[PDB]
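Take a look at this single chain in structure tokens; it is the form deposited in one PDB entry.
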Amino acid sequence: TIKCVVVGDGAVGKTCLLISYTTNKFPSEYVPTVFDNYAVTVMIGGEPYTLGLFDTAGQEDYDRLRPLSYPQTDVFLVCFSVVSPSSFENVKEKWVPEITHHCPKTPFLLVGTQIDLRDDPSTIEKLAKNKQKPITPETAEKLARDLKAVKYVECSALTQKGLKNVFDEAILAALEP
């Protein structure tokens, strides 16, 4: 089993991406706050791999509890919504310090989510009215190298775009020194 732990702020779409990836369907109704941990078989270059997927609760309420799921993690997924700059800022302020403190040698991916919303007129107009803008791949990739992520990947759980690659890269990160 390769243990993959998904972390990040609330509402960035951690649960939906795990469900979308494991079911091949974007969930449109109710959804667990925390996806029960689930194992899936992934084929990488003819070889089979068992990916163990763990969801987390990102809120401050669970600061003391959440890391108790970190032991023997093989790779982290630090997620932020590309249309939520505050979740992007928390990548640096909260999430990477938290995982490097508990698992300093464990590799991590920087994951942009909900990229379909960069092409959502209502979404951008609402950011602009707040003098904000979506996160670009340029700035995210800068952050990934400044914070020593393995790399930056982005996806949409809704369209499944980039979704498969996220977890392929998660596995490749975990099979390393």
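Numbering starts at 1 and follows the sequence shown. Take the two forms, superpose them, and find the largest set of C-alpha atoms that agree within 1.5 Å; that set is the rigid core.
Look at the mean CA B-factor for 115-123 and for 39-47 in the entry; the higher one is 39-47. For the two regions 30-38 and 130-138, the entry's Cα B-factors average higher over 130-138. Sorting the modelled residues of the chain by their CA temperature factor places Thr159 in the lowest third.
Looking at the C-alpha B-factors along this chain, the one for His101 belongs to the middle third.
Beyond what is shown, the protein has a form deposited in another entry; the following relates to that form.
Per-residue Cα shift between the shown form and the other one after core alignment stays below 2 Å for all of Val150, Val34, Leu147, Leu127 except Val34.
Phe54 is not among the residues whose C-alpha shifts by 2 Å or more between the shown form and the other one once the rigid core is aligned; its shift stays under 2 Å.
Put the two forms on the same core and the Cα of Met43 is off by 2 Å or more between the shown form and the other one. Annotation: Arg145/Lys131 CA-CA distance shorter in the other entry than in the displayed model, change of at least 3 Å. A decrease of at least 3 Å in the separation of the C-alpha atoms of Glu89 and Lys131 is found in the other entry, compared with the displayed form.
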